[PDB]
Protein chains: 4
Amino acid sequence: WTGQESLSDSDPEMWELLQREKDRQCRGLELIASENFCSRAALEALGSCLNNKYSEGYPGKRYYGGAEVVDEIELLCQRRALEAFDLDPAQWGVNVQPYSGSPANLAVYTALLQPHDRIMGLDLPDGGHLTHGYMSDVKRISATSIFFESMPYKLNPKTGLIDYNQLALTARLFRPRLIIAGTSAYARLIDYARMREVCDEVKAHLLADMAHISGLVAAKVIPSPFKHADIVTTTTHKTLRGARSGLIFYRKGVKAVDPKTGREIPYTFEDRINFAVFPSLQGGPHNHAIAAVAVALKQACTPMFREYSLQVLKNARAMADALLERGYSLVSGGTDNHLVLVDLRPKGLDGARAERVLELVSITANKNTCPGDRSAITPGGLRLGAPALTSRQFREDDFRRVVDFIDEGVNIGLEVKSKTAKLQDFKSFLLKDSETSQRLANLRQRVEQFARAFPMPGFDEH
Amino acid sequence: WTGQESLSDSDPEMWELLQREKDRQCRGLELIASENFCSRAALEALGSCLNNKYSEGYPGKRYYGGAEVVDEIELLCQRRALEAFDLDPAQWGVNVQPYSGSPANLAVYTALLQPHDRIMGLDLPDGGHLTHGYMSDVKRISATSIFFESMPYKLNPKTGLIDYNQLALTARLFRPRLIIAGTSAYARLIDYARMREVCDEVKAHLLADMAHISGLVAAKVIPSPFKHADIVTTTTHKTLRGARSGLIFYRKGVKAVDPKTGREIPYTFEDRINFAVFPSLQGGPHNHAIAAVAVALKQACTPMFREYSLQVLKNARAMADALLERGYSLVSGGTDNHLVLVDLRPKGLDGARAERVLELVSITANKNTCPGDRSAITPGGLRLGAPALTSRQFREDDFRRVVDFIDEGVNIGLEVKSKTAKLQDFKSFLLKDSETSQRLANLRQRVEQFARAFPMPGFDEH
Amino acid sequence: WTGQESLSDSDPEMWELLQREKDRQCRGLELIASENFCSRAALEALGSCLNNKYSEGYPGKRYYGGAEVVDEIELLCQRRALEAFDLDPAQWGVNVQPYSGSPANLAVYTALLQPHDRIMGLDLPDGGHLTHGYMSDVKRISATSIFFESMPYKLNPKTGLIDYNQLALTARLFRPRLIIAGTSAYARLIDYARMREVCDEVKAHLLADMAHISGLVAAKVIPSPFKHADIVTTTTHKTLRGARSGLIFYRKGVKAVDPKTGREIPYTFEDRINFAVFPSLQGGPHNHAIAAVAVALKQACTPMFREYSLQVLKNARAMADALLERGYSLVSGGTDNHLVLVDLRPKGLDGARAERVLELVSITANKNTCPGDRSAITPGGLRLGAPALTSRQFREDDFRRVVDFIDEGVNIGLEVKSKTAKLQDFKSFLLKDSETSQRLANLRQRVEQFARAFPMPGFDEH
Amino acid sequence: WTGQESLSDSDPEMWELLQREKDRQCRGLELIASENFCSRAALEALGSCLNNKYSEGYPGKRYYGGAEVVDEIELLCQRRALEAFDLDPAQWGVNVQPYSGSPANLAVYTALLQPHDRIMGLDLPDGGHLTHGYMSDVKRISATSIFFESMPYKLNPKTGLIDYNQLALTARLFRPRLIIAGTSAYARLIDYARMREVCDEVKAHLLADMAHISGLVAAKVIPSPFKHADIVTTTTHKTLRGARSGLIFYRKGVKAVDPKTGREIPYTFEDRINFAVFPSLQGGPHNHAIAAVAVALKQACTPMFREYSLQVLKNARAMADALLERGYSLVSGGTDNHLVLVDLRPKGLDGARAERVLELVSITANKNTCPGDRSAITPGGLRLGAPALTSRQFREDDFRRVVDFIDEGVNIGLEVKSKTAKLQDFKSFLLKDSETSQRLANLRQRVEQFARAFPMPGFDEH
């Protein structure tokens, strides 16, 4: 056993499963807004000799010795992150160690808040994330609600926008120490200038979780949260086309300068943030993942990346206009970013039966809740997004053909409803019936023939 | 931009740093007990197309659709883990989702304990881990002590072994709900049969964190914690030679069978453990890391792996016998596993000055606390281990030559003490003085010439 | 030393102070709504041989022995309490052990709520009590907010009534486990039927703290909280004319009868309430105070007591009509119970300067906050009440003369404002100036001559 | 209804029960150590016109007005308390507002400790109080353990004394923020000089709860806790012969004077203690109870009170010597204060059957736990004390006759054991059997004839 043997020989069983996954991605359409293909150059650094390194601490304060090369890699990633967002090093910092986005959020609450403190964020059914705090009627589901106190704020049902008026009303009576400003299923741009006024009145920190729109802020196509914020957490695997990891930004320097005589009150975010990640919550950083992020951040400072972000917006407005002509209703009347929310209630079909029938035609999409929903098990909407098919060099003319396959698949779903009853009898009718299963076969063949003719970023067989 | 470009062309700067790290590993000796080189077959699966997949939940209960191939990969990793340790599937389970070892521990406390509950584990200065709970005199350093209550137990100063007598005395007065049985700097085998009796008396769960000895239990060279335990957490990157990840085991089935008439009280660990990882603490699993673990677990069920574990023990006893002949004192009088603790107090040199001078000769070792230590900044011991050099096909005859370089480096450190005073004046004397720096150069050349002639597992340039 | 010596001989110094207090009460007017004179028969039982008894527990479950007589006294007080409010013994219980009203509230939170649970009650500036939860902007002032989580609800500024619409809005987003329905500075009757609907929607307990209106509910002059409530706490020294103590009521019996087949789900308030008082929070009951309460509760089941409560209402409406004719503004436009709130802002004088000048004329009244108040140190209102002067056989014709002394004292306060500036210069102008101090002397002589001609309940010199 | 009617006329039923209690006290023997008769002069101030006063706050900082006389009464009680214990006003303070002893303890924890802090005190089965923290195996019984964390320390089984060696061992591993030094069933003097060293090592406050020995410290017969303590809580109704209330002492002034240059670090106990009582935990003080305490504290500064405390000690040593001659075993071999612990195990009778048979002969005594007790429902000891019979002018010659009635009652209890089995069959044999019930009648007549010839402090019929 030398340890230098290829996977094709040592483990034949695992090598076969690794190829079936690559074939599944190249023959189907990907409409999920939280997925994006990764570059080959980043994958070569994700699996290298850096996995065999065990360092603990921060550059210049290592525990063990011999960490001379990894210090230059971590200090290099901290300079490419402050330049991709055009930040001033003397006024901002960055921490490139959290394992993912969810660990990045818990490290912010532990650093700035005592246990059982009050936090306020967007509600989950209305387009917020689970890490912002979530409770059921009989159980605490999220860890943020187990160790802290949470209270949500909701939207305006008749417009679909965030209700800033009611937010300022309940904030004075609840008085939270932290307010979160981030969404995961929202089609409009958040008004950061208004949420800053609510925080200055009740005296609280403002956290901006921009994990979904992180790739658009770097290309300067939408206004940046950094203008009115104190802490900014983001992921590196959503719209940045990088390896899975996390990032944390914080301000540093003078705060309320000139309060009396010649005083200079400074920010105190730097020390508390670094201590919460290590040695409190985490152990040894994944040095291989940090190197893959530095490769992706360098690609975000190029003219090519700006032309990619401009196409993500044009591919979303082209898909939204095509749906309205077919006879559909969009939540909030349109879109301003990279995703489109659909409302299928006028069509007479729910999002649960539509998501299933599209899965058999190799079209991936997830159901979404709508403001007028009586039952949660059958949402009446879908959530579509354009960041992953754009990587395969899709254009506006190609996105209009995707709608033709979607509208044709919904019509097949409106025939099964006229013959079945319960949803459990809907899934079993798409298989045992030879008539419905034959029409589904003629549609799957036309989708795979169309999607297989586009380039796929990555390697070439795994 | 096609996305299929090699790292040598797209990012020349990052490619140069990736080669300097590979050269540093092949020319130096590695004596840290928490490091081990990884196979090439595992690294090829760590960086593949599985990074571009976003699944949430567990097999058969996915959120989105299209997760047909990744379900077979996750179910395959759950069968290779129960077979590497010769477990019965009807009596044990496994969870292969935690990001690392530290997240694996916090997911156990959140599932079985309410906030501000009592936990008892080994003290950090005495050979325990930071995730078991640790507090300073003025501050809470570990997250386990921030969200839960902790109280440690200590060793016997005059023997170096765990004091089981005092453990049963303070357990009746503190009455903890959970007891941890795991070490990170211990040279003997823990007595699990005795710690089980303490848990049955005060009625508490027993957790066995075997992250350090996980590779020896699989080869059946030392007794297994599974015989007297309920939960077992371990890492996959210490002695298993795999990618960085985590594992959690739990019992299932009947518990106190036949309590009355024909009752069968079952275990209730399965549901609470799975819910604590998702959706409470974590988000999307790293599917690429899970595939690399299944490649490494398959290598642990082979006759070749047993011959490797037998050599790890013989290489430790050979290094321990060589140190006693040179005139040294070992903590607890010897070793029974993969590491050796040294006591340099009779030699007149501390572990802080010894760790530094060895770093200049490309010999990596970390200082360790000793039972009679007045100051914590200058520990009087070292922690040496044999699992990584054994991967490069080292033998007993080669480990005796490593001691010749260690004993020769300590003698150089005993000359600087006769000329300097404060430790800050010790680091600056090894550089500016041309006489001491020249003798250090003649020793570094002989170490690199010796260590470069052994095979290195991995790829061949990165 | 025999121990049977009168206070006039053994302690001459304390006997002189005990007579100066009795003279101060008989020569001045008492307008505080939280005070009432006590009967002589109750005071004779407050200081007897029952002070020399040490029992612990509840009747039939005593710790020590010999508690044969005190069991009949405690069981007698539990029957007179259920009869004064016309309660059914098979559907209600009572606990006659809390030391006062504040201890009675904390014993309810500890029995039905875990630590750090959510409670909602009326805000302190708006007419609620401090034991319902209160927090400053920089500090937690009340013990209810230190051990539990609280969030208040407010009034309608333009009407002065409780805003039930906003209460149901914030209750769905905060979801409290307990809602309190009690006031200490409110002139209207609370709508218990509406607050019951808010509790049935979010599933929470309803607590009715009726410490202020406890004497009116017993006489059946206002609707009783018992019709829509689960727990009722009250004091025995506000409008019941008894010794200082506390009471706790709770329902018992079937709850949601007939849920399935022949099930009968019962109430579980009885055991948890009794355990929270003893042995959790308190020690040995004050048996002398319990005997004085049984004497006062027997007087509340008489026709004489109903004629007293009818006069308390007529004496309040007569005082309110007299103030409007003089040129004053009442909060909420009038009164429906035993107190009257005044608004002095149109008159050009604040409540801080008015409360002080009335104290020099032996007229006791406390300032009250008004909805349009910029500064909290100078409230613009007063709080007047009629339960204590009614005990001295005051009538409507006599209450109209009290307003003549109040309106004459305010006019003296409007002259000092034209000569002074800061409030600290207002207090010092009422003493050093011989002209203002002489006019104050001619008014004090006319008040004491009028108030000294009415009977005073109690003894006759102490 | 004038309100000036005697209790004999207005409430004939309550007046009859008030006389049966006075007759029960004058015809029986009282051996409980937590009871003592009260002076007539104190009872006259307990029930006066001060009950009809509602003040809130502290002297000089009242809420309402007109509190001119009660300020001189509260300031007078604060001077008699600092003089009864010979304290320096410039170095000590006092708070005379807590309702009883149990509320006095909770006000100390809330002022100096955050929620869920660590406290250590004597265990309940071993002679400590319930307010020091107590937990069962399945439930939290005390409120101190619900809001704070507690861990007890125990005695030495083979000597009966406090084990100071084990206390210093577990204190370093638990590290509590507060240590309590007070007992309720202990026959020896606590070593305060040793417990002070344990607090200086782990840096913690020392609380001295001297509720039982408060009357002996004032007479200078035993060493005072004030020499080595920071906070001292006590009751006024145990050995001080006063009304039921509470007291809290605290140090003030310079602490670690001269730490650097000319610094003077002061104590910070004054502000935090006063805020915890009001407005946090309590409401309106019972002014009638405060006046009765000032009458009792004045009697403690007299030569007559010292002669009373000297007789309490001589009456305990005389009762202890008489028990050893009869053939009994005393816990810890004797007594040093006001109580005597007995061990009935050699006699073959338990404390449960002995306490019952003595109750039928009008001899009151409570059972006590012994170090070798397998079952808690049948303790093998009794707790006897001498502070209440000494008030009736008992002497050493009279206490020897009490033992003759005790030893004669135990012999009657040793006959029923030879005829019955279960304890439930023991209680029913003392009534239905005419032979055992007749011998009990001849003994009760001789006790009442003897105890009725001694003076009883108080009034003369109630």
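Calculation rules
- Residues numbered from 1 in each chain as written, not as in the entry; some residues may be left out.
- Chains lettered and ligands numbered in written order.
- Heavy atoms only, no water.
- Contact = heavy atoms within 4.5 Å.
- Buried area = accessible area lost by both parts, 1.4 Å probe.
- Salt bridge = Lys/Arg side-chain N within 4 Å of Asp/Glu carboxyl O.
- Polar contact = N/O pair within 3.5 Å; in protein donor to acceptor, adjacent residues only side chain to side chain.
- Helix = DSSP H or I, 4+ residues; strand = E, 2+ residues; numbered from the N terminus.
- Nonpolar A, V, L, I, M, F, W, Y, C, P; charged D, E, K, R; others polar.
- Buried < 20%, exposed > 50% of the residue type's maximum accessible area, 1.4 Å probe, protein only.
- Arc of directions from axis to C-beta.
- Domains from an automatic or database assignment.
- Pairing = 2+ DSSP bridges.
- Axes fitted to C-alpha atoms, helices over the stretch in contact; angles between N-to-C directions.
- Least-squares fit on C-alpha atoms.
- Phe/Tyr/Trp six-rings, centres within 6.5 Å; stacked < 30°, edge-to-face > 60°.
- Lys NZ or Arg CZ within 6 Å of the ring centre and 35° of its normal.
- Parallel < 35°, antiparallel > 145°, perpendicular 65-115°, else oblique.
- Expected span 1.5 Å × (residues − 1).

- Listed as the method for this PDB entry is cryo-EM; the listed resolution is 2.9 Å.

**Digging into the interface of chain D and chain C**
Next, step 1: With 93 residues of chain D at the contact, the number on the chain C side is 93 residues.
Next, step 2: Carbon and sulfur atoms make up 58% of the surface buried where chain D meets chain C, a total of about 8,800 Å² over both sides.
Next, step 3: Its largest share of buried area at the contact with chain C, chain D owes to D:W1, D:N52 and D:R244, together 10% of the area lost on that side.
Next, step 4: Counting across the chain D and chain C interface gives six salt bridges.
Next, step 5: The partner of C:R20 in a salt bridge is D:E72, and the shortest N-O contact between them spans 3.6 Å.
Next, step 6: Between the two partners, chain D and chain C, sit 22 residue pairs in polar contact.
Next, step 7: Among the elements that make up the side of chain D that touches chain C, the one with the highest residue count is helix α2 (residues 12–26) of chain D (nine residues).
Next, step 8: Residue classes in the side of chain D that touches chain C are distributed as 40 nonpolar, 32 polar and 21 charged.

**Notes on helix α8 (residues 192–202) of chain A**
An α-helical turn contains 3.6 residues, so a residue and the one three or four places further along point in the same direction.
Residue and element names in this part refer to chain A.
Next, step 1: Among the residues of α8, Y192, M195, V198, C199 and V202 are the ones counted as buried. For α8, the angular spread of buried residues about the axis comes to 115°, placing them on one side. Those residues of α8 that are exposed and angled more than 90 degrees off the buried face are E197 and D200.
Next, step 2: Considering only its buried residues, α8 is in contact with β6 (149–153), α7 (164–174), β7 (178–180) and β8 (205–209).

**Examining the domain arrangement of chain A**
In many reports, interface size means the accessible area that the parts give up when they come together.
Residues and elements named next belong to chain A.
Next, step 1: Domain annotation for chain A reports domain 1 (39–301) and domain 2 (302–462).
Next, step 2: Taking only C-alpha atoms, the centre of domain 1 and the centre of domain 2 are 31 Å apart.
Next, step 3: Between domain 1 and domain 2, the contact holds 26 residues from the first and 24 residues from the second.
Next, step 4: Buried surface at the junction of domain 1 and domain 2, summed over both partners, amounts to about 2,300 Å²; 61% is from carbon and sulfur atoms.
Next, step 5: The tally of links from domain 1 across to domain 2 stands at one salt bridge.
Next, step 6: The salt bridge partner of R188 is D336, with a shortest N-O separation of 3.0 Å.

**So, the sheet that holds strand β15 (residues 381–385) of chain A**
Think of a sheet as strands paired side by side through backbone hydrogen bonds, with each pair either parallel or antiparallel.
Residue and element names in this part refer to chain A.
Next, step 1: The antiparallel open sheet is built from four strands, whose spatial order is β11-β12-β15-β14. Pairing within the sheet leaves two strands with one partner each, and these edge strands are β11 (329–330) and β14 (366–368).
Next, step 2: Pairing of β14 with β15, which is carried by three bridges, proceeds in the antiparallel orientation. Note on β15: the bridge partner recorded for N368 is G381.
Next, step 3: The strands touched by helix α13 (residues 351–359) within the sheet are β14 and β15, with β14 carrying the most contacts at an inclination of about 165°.

**Concerning the pattern of salt bridges**
Next, step 1: On inspection of all chains with the given rule, the structure shows 92 salt bridges over all chains.
Next, step 2: Across the salt bridge formed by D:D71 and D:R62, the nearest N and O atoms sit 3.0 Å from each other. D:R62 shares its class with D:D71; the two are buried.
Next, step 3: Residues joined by salt bridges that share partners form a network here, namely A:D23, A:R27, A:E448 and A:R452.

**Details of the environment of A:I146**
Next, step 1: Take A:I146: it is sitting in helix α6 (residues 143–147).
Next, step 2: Residue A:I146 is classed as partly exposed on the basis of its relative accessible area, which comes to 22%.
Next, step 3: With 30 residues separating them along the chain, A:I146 and A:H116 place their C-alpha atoms 8.4 Å apart.
Next, step 4: With residues near it in sequence (within four places) discarded, A:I146 still touches A:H116, A:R140 and B:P115.

**Section: the sheet that holds strand β15 (residues 381–385) of chain B**
Residue and element names in this part refer to chain B.
Next, step 1: The four strands are arranged β11-β12-β15-β14 in an open sheet whose pairing can be described as antiparallel. Where the open sheet ends on each side, the last strands, each with one partner, are β11 (329–330) and β14 (366–368).
Next, step 2: Taken together, the two bridges between β11 and strand β12 (residues 339–343) define a ladder with antiparallel strand orientation. The residue bridging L330 from the neighbouring strand is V342, located in β12.

**Topic: the environment of D:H338**
Next, step 1: Looking at the element boundaries, D:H338 is found in the loop between β11 (329–330) and β12 (339–343).
Next, step 2: Here the alpha-carbon distance between D:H338 and D:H132, two residues 206 residues apart in the chain, equals 22 Å.

**Overview of the side chain of B:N368**
All names here are of chain B.
Next, step 1: Of note, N368 is situated in strand β14.
Next, step 2: Overall, the relative accessible area of 15% leaves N368 in the buried class.
Next, step 3: In this structure, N368 is in contact with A185, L341, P379, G380, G381, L382 and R383, ignoring residues within four places of it in sequence.

**Focus: the relation of the copies chain D and chain C**
Next, step 1: In the superposition of chain D on chain C (RMSD 0.0 Å, axial shift 0.0 Å), the rotation amounts to 180°. In the structure described here, the two chain copies are related by an operation that fits a two-fold rotation axis. Across chain D, the smallest distance between a C-alpha and the rotation axis is recorded for D:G47, namely 2.5 Å.
Next, step 2: When the interface residues of chain D are mapped onto chain C, 100% of them again lie at the interface, so the same face is used by both copies.

**Structural notes on the interface of chain A and chain B**
Next, step 1: Taken together, the contact pairs 93 residues of chain A with 93 residues of chain B.
Next, step 2: Taken together, chain A and chain B are joined by six salt bridges.
Next, step 3: A:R80 is paired through a salt bridge with B:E13; the nearest N and O atoms lie 3.3 Å apart.
Next, step 4: At the junction of chain A and chain B, the tally comes to 22 residue pairs in polar contact.

**Comments concerning the arrangement of the chains**
Next, step 1: Spatially, chain B and chain C are disjoint, and the shortest separation between their C-alpha atoms is 11 Å.
Next, step 2: Contact between chain A and chain D is absent, and the minimum C-alpha spacing across the pair is 11 Å.

**With respect to the relation of the copies chain A and chain B**
Next, step 1: Overlaying chain A with chain B gives an RMSD of 0.0 Å, the required rotation being 180° about an axis along which the chain moves by 0.0 Å.
Next, step 2: Here 100% of the contact residues of chain A are again contact residues in chain B; the copies associate through an equivalent surface.

**Section: the environment of C:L50**
Next, step 1: The topology assignment puts C:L50 in the loop between α3 (40–46) and β2 (57–58).
Next, step 2: Separated by 237 residues in the primary sequence, C:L50 and C:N287 have C-alpha atoms spaced 5.8 Å apart.
Next, step 3: Not counting residues up to four positions away in its chain, the partners in contact with C:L50 are C:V70, C:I73, C:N287, C:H288, C:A291, D:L18 and D:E21.

**As for the packing of aromatic side chains**
Next, step 1: Enumeration according to the criterion identifies 56 aromatic pairs over all chains in this entry.
Next, step 2: Taking the centre distance of 5.9 Å and the plane angle of 40° together, the rings of B:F305 and B:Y308 count as tilted. You can see B:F305 and its partner B:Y308 sitting in helix α12 (residues 303–326), three residues apart, about one turn around the helix.
Next, step 3: Considering the side-chain rings of B:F394 and B:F399, the 6.0 Å spacing of their centres and the 70° angle between planes classify their relative orientation as edge-to-face. In this structure, B:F394 and B:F399 share a single accessibility class: buried.
Next, step 4: Every member of this aromatic cluster is reached through a ring pair, and the members are A:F394, A:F399, A:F405, A:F450 and A:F454.
Next, step 5: It is B:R241 that lies over the ring of A:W1; its NZ or CZ is 4.1 Å from the centre.

**Brief notes about the packing of helix α14 (residues 396–416) of chain D against helix α17 (residues 434–451) of chain D**
Residue and element names in this part refer to chain D.
Next, step 1: In the contact formed by α14 and α17, the axes pass within 11 Å of each other and the chain directions differ by 170°. It follows from the interaxial angle that α14 and α17 lie roughly antiparallel. On α17, the residues that touch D398, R401, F405, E408, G409, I412 and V416 of α14 are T436, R439, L440, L443, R446, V447 and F450.
Next, step 2: Partitioned by chemical class, the residues of the contact of α14 with α17 number seven nonpolar, two polar and five charged.

**Observations concerning helix α4 (residues 69–84) of chain A**
Next, step 1: With 16 residues, α4(A) extends 23 Å between its outermost C-alpha atoms, agreeing within 8% with the 22 Å of an ideal straight helix rising 1.5 Å per residue.
Next, step 2: For α4(A), the elements touching its buried residues are β3 (61–62), β4 (92–95), α9 (214–218), β10 (246–251) and α11 (287–299) of chain A together with α2 (12–26) of chain B.
Next, step 3: Two residues or fewer past α4(A), A:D86 is found with a positive phi of approximately 55°.

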